[PDB]
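Engineer: Before we start, here is the structure in question, set down as structure tokens.
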Amino acid sequence: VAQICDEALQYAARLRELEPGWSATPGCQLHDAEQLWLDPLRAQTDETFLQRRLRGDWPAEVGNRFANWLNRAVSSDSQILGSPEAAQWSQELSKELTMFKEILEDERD
Amino acid sequence: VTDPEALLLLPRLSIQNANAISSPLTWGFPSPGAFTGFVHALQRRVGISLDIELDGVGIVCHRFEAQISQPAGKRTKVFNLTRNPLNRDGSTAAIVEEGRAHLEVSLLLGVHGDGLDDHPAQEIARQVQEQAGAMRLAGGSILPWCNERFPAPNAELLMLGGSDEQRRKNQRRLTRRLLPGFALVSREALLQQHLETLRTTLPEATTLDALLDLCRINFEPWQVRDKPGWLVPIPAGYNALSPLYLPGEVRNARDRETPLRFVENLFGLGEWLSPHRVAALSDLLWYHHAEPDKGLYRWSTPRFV
Amino acid sequence: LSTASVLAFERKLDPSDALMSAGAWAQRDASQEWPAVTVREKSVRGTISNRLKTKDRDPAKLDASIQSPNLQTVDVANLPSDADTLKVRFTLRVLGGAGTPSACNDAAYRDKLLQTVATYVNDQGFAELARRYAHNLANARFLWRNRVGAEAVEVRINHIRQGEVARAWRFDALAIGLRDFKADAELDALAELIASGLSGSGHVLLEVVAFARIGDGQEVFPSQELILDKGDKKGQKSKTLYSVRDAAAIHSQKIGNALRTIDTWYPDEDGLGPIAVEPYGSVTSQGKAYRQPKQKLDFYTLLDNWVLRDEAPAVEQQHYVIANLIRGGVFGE
Amino acid sequence: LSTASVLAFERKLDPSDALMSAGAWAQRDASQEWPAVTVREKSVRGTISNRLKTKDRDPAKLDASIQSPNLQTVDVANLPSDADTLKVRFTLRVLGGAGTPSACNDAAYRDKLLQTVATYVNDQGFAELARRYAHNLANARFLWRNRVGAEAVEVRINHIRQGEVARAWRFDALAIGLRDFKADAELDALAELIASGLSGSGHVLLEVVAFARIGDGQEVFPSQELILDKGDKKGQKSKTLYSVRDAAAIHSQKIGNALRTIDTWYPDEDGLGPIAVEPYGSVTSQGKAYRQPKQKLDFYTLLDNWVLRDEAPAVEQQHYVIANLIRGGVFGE
Amino acid sequence: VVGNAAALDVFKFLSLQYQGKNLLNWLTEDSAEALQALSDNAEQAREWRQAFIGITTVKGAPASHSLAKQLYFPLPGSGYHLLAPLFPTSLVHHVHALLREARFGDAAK
RNA sequence: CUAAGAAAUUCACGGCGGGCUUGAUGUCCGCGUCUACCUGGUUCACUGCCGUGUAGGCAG
């Protein structure tokens, strides 16, 4: 799962070079917060307060996206945690979320 | 043989017309000994005047194509070639085949020098980066500076001196510029315990990597076995079987003041890793050593984990 | 002092494989975003137009064999229907240390060759070879078949020291020919640059951009590759072209071979123009190796009597030796 | 005297692909933005319409194989339903220097071949041969099956040297016929332009617009690739069409082949129709070869009995040898 | 190995004397049965022993050509033993034995 | 001091002619999404102006 998160980081790195025009456009609502890791080029139309919509250094909802991906990866049942590796799946998900928070601690910045 | 005073990264070492085969049993990414010789020659033409010392290399292998083609939909490949010039009789030349690839790499090294002891930082880094693009590395010329020069100037990132938490954040301040590649490290202990663990049929040694570039399965009496990565053989050193010689003993050497030994190839395997899944970036260097008591002229990655 | 029987030299003036991209004329000075002219697929139905044998003709077998033709799916690289020009862009460098071999046994032969190349440079400069290697960038010989029938082909050269143009020169490649060597005023400054960088100092870097106005939608000619035979008689021929980043490109050795057309000193005639400077100087588009070992003018004889026997050839044909030093090779028997 | 074992030529009449697009008549003048005829597909259902030699033609095989399906997927290209014309637009450029070969072995064969072509040219120009190529653009033969059953075909030919128009030509391709070669005062100017571009005096780029009206939502015939009637999962693609960037089109070799339909000098007939100039001049549709090598009158006998054996090929048929040189190909052993 | 041996019929009627016996064990020396299994004197058996002791002649010090791909290998802070690698033919055909065994015939079908 | 050192793949081509894919069909039944909240960001370190050059009383 950490290798899958590293593959997601590699996908973010591959997306981090093929974006000449990164700004608001048709189809950028979810990509306005989804453009944190996929940081586009610095928008010329931004003012001196350009660090809110085109310079958003808020990779805390990326933890929410990792939580959504962990909840949608495998359906955690209500009785599959009787052993020490069923809630340990949630512990590994928390470790992956900590690694994602450390990785996206300076994503847009 | 030690972790460096400071690292040195070169982010898009875009090279060109490389050697693909590099050994008689593979054709993909070239030998790591080519890169260790590359940095020995860089040390020879730089560090005798700038007083540094280079031991290990770091491969990341961003993108890699090969001039290969598929003949008529078979389960094989061929090579694209280059036209040799005309023979003296002037009909056609003795055409000889070799693989030629066009890859992308970025090399991080290991320094025992005065890059911030008696010289300044980006002066040393800039002179080494400016001087590196005048020499070949795998039989192929480096594609020089272009629009890829725009991220190319670098720091000279120290490791041995700093805060511990900033040791972490400096090595992952070096990881942030290294994402879409996949680093090459050896699996020497995995070679050892994966031939020794699987010795329940026969004790042969060269059958290890000869039985890994394939889909091993003992199927249902449809379940593809747990691949642990990218199992692929690499040329992992040089066994010199015959004894030493002299410049006057065996003639037709290159220089007549250095001895000659006929040598053969050696095959370990090297996994491909994303740079996130390491212990530290000083734990992945391809060093060099020679044991002339043996025949083993073998390079290695000490402490890959 | 004898011949060093492991002897070699490196490439100097070693260009890169040039990508190709197309667009319209007079939008030519904003050519950083032109689309890649990728190799595409079509398929031809052939016929029998071969020179068949002298007494195997059989005027019924010919009609029986033309009705079953051969089937080839060959490739092509057209321009788009909007495009009118062709961009050819490569990067060039000189490595310096011209006379120094990268492989030499004898420190006696190398010792003689030291002051050989040293008094050659100290006697006269490379300005002969500077203008001769500048007339394979100042015209557009490096685009090979794209030059014929082009109605306006021109090459824009610009030298960089920093990440920006130091001094740029802009040409008209069909004014000077493929045949004549003439000195200009926008050329001798380039000649001093390539000369004083081509000696042993360090490196130089030049980006070459050529605009061959080949027409509208008309095909270009990227270099193909050799293949061995494929195991089919329906997809047997394919004419596989060369691509770098999904983009039709000329090989590096061909685009450096067009640099290497220098010598008019080969003894046959001044009719063909220059050929590629080669040991035993041989042309693919002529068939046979000129400068036979019977005549004196082949390479090893000139180099040996200008180094071992110390009998210098005339300065008319001395430049051949330094030109295929700049080419480099593997020498000895 | 010997001949050459390896010899070649450039093609000197080199067209482009011809991308097709439909639209309505009489607003054809504004046809810069007509949408391309897009290759669709459809599913057809086969039947039995093939010969059976009665090795299994039982009282059950036919009325079993009728109920046995052989349904297929073909590719087809119709017009838009409110369109009745087809626009086919390619660019033609002529190189020049017609007989100077590309790569030839001997230095002795090539000089007398070049002087053979030069004594041809100052003997008589390219005028008759350029007229015979002009009657394959005025008569829009390059519309192969898109011409038959067309009510009105017309041809626009402008002349491009820069981003401009020098002269135009409007050719009613049905009033003049495919059969007879006749001269017009406006057609001989285009013959003069191709005769100057083939001589060497001035490069020439032409674009050829072809407005063949067919009918409302009818079916046009673009080019067809090599079909892969492969190992289906019960019904696969059985014909495929030549597409470009979202546009059906004709290959360049097909509208070159329709443009070099020159010779009526073949010995079997002369007025039944001209065919395309080739060595052992043959037709794929007729399934035969006119000018057998049993006869004298092909290319591979006229060439080595006019270069080597110095005999005149009877000026009536000397135009064929030069037209087959303008074709260009692989000559020699 | 190829060498220059052109007569295959002189080295094709001498190989089945060691397939099942030790007639391939007299290919270097110790030809007592190799001199008893001739029926002739010491001259003809000595000519055969010379042709057998030259079939694997090893002088110890080979020669080389300029295109033998001679490579410097760096010692640990010391000089340079230059290496000329070669192309192991029966080893590559051993790889071909295993590959042609496991590519078609048995394992593919 | 790098399986290093070194190299023109060329030339031209008609894919093409035909077609009946029909015939049928029940997507079913049920549901609690709730509680919380200052944008007085700068939704352009902004708005009309004595001298076409900042030099000012402005609804600022």
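For the structure tokens, the naming scheme is as follows: chains receive sequential letters (A, B, ...) according to their order of presentation, residues are indexed from 1 within each chain, and ligands are indexed from 1 in presentation order.
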Tell me which protein, DNA and RNA residues are within 12 Å of stretch 33-44 of chain F, counting only C-alpha atoms (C1' of nucleotides), leaving out same-chain ones fewer than 4 positions away, and put them as a PyMOL selection string.
Structural biologist: chain A and resi 45-53
Engineer: Set out as JSON lines a contact list for chain E and chain F with a cut-off of 9 Å, giving each residue of chain E that qualifies its closest atom pair and distance in Å to one decimal, counting only C-alpha atoms (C1' of nucleotides), ordered by chain and rising residue number.
Structural biologist:
{"residue": "E:68", "atom": "CA", "partner": "F:3", "partner_atom": "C1'", "distance": 8.9}
{"residue": "E:69", "atom": "CA", "partner": "F:3", "partner_atom": "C1'", "distance": 5.9}
{"residue": "E:70", "atom": "CA", "partner": "F:4", "partner_atom": "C1'", "distance": 7.9}
{"residue": "E:71", "atom": "CA", "partner": "F:4", "partner_atom": "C1'", "distance": 7.0}
{"residue": "E:72", "atom": "CA", "partner": "F:1", "partner_atom": "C1'", "distance": 6.6}
{"residue": "E:73", "atom": "CA", "partner": "F:1", "partner_atom": "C1'", "distance": 8.8}
{"residue": "E:84", "atom": "CA", "partner": "F:3", "partner_atom": "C1'", "distance": 8.4}
{"residue": "E:85", "atom": "CA", "partner": "F:3", "partner_atom": "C1'", "distance": 7.0}
{"residue": "E:86", "atom": "CA", "partner": "F:3", "partner_atom": "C1'", "distance": 8.5}
Engineer: Output N, CA, C and O atoms for every residue in the selection just made, as a PDB file, in the first residue's frame.
Structural biologist:
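As a result, out.pdb now contains:
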ATOM      1  N   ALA E  68      39.622  -5.353 -29.416  1.00  0.00           N
ATOM      2  CA  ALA E  68      39.243  -6.363 -28.437  1.00  0.00           C
ATOM      3  C   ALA E  68      38.484  -5.786 -27.251  1.00  0.00           C
ATOM      4  O   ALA E  68      38.214  -6.527 -26.300  1.00  0.00           O
ATOM      5  N   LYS E  69      38.146  -4.493 -27.297  1.00  0.00           N
ATOM      6  CA  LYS E  69      37.350  -3.779 -26.293  1.00  0.00           C
ATOM      7  C   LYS E  69      38.011  -3.837 -24.911  1.00  0.00           C
ATOM      8  O   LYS E  69      37.518  -4.455 -23.970  1.00  0.00           O
ATOM      9  N   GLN E  70      39.160  -3.173 -24.831  1.00  0.00           N
ATOM     10  CA  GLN E  70      40.027  -3.208 -23.657  1.00  0.00           C
ATOM     11  C   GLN E  70      39.662  -2.079 -22.700  1.00  0.00           C
ATOM     12  O   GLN E  70      39.667  -0.907 -23.086  1.00  0.00           O
ATOM     13  N   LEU E  71      39.370  -2.430 -21.447  1.00  0.00           N
ATOM     14  CA  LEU E  71      38.718  -1.522 -20.510  1.00  0.00           C
ATOM     15  C   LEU E  71      39.527  -1.389 -19.229  1.00  0.00           C
ATOM     16  O   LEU E  71      39.860  -2.396 -18.599  1.00  0.00           O
ATOM     17  N   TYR E  72      39.814  -0.148 -18.829  1.00  0.00           N
ATOM     18  CA  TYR E  72      40.439   0.104 -17.535  1.00  0.00           C
ATOM     19  C   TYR E  72      39.451  -0.159 -16.410  1.00  0.00           C
ATOM     20  O   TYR E  72      38.287   0.245 -16.477  1.00  0.00           O
ATOM     21  N   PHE E  73      39.928  -0.825 -15.362  1.00  0.00           N
ATOM     22  CA  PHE E  73      39.160  -1.010 -14.149  1.00  0.00           C
ATOM     23  C   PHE E  73      39.937  -0.419 -12.981  1.00  0.00           C
ATOM     24  O   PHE E  73      41.112  -0.764 -12.790  1.00  0.00           O
ATOM     25  N   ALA E  84      40.058  -6.914 -21.025  1.00  0.00           N
ATOM     26  CA  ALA E  84      39.475  -7.156 -22.340  1.00  0.00           C
ATOM     27  C   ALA E  84      38.463  -8.284 -22.228  1.00  0.00           C
ATOM     28  O   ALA E  84      38.848  -9.463 -22.219  1.00  0.00           O
ATOM     29  N   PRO E  85      37.173  -7.990 -22.111  1.00  0.00           N
ATOM     30  CA  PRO E  85      36.179  -9.061 -22.054  1.00  0.00           C
ATOM     31  C   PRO E  85      35.946  -9.705 -23.411  1.00  0.00           C
ATOM     32  O   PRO E  85      36.293  -9.167 -24.463  1.00  0.00           O
ATOM     33  N   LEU E  86      35.352 -10.896 -23.359  1.00  0.00           N
ATOM     34  CA  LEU E  86      35.143 -11.737 -24.532  1.00  0.00           C
ATOM     35  C   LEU E  86      33.684 -12.174 -24.602  1.00  0.00           C
ATOM     36  O   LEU E  86      32.843 -11.652 -23.864  1.00  0.00           O
TER      37      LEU E  86
END
Engineer: Lay chain C over chain D with a least-squares fit on all the C-alpha atoms, paired in sequence, and tell me the RMSD.
Structural biologist: 1.2 Å
Engineer: From stretch 78-322 of chain D, collect each residue whose DSSP state is strand (DSSP E) and return the set as a PyMOL selection string.
Structural biologist: chain D and resi 85-94+154-160+168-172+204-213+237-239+243-244+247-250
Engineer: Between atom CA of residue C:241 and atom CA of residue C:223, what is the distance, to one decimal in Å?
Structural biologist: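 It comes out at 6.0 Å.
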Engineer: For each of D:188, D:172, D:216, D:164, take the minimum atom-to-atom distance to residue D:83, counting only C-alpha atoms, then give the residue where this is smallest.
Structural biologist: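 The shortest atom-to-atom distance to residue D:83 comes from D:216.
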Engineer: Residues of chain C were defined as contacting chain E if any atom lay at most 12 Å from it, counting only C-alpha atoms; please report them as a VMD selection string.
Structural biologist: chain C and resid 4 to 8 103 to 105 329 to 333
Engineer: Go through chain B residue by residue and, counting only C-alpha atoms, keep those with an atom at most 6 Å from chain C; for each kept residue give the shortest atom pair and its distance in Å to one decimal, ordered by chain and increasing number, as a tab-separated table.
Structural biologist:
residue	atom	partner	partner_atom	distance
B:71	CA	C:230	CA	4.5
B:72	CA	C:230	CA	5.1
B:80	CA	C:225	CA	5.8
B:81	CA	C:226	CA	5.4
B:90	CA	C:288	CA	4.8
B:134	CA	C:95	CA	5.9
B:254	CA	C:105	CA	5.5
B:255	CA	C:105	CA	4.8
B:256	CA	C:105	CA	5.7
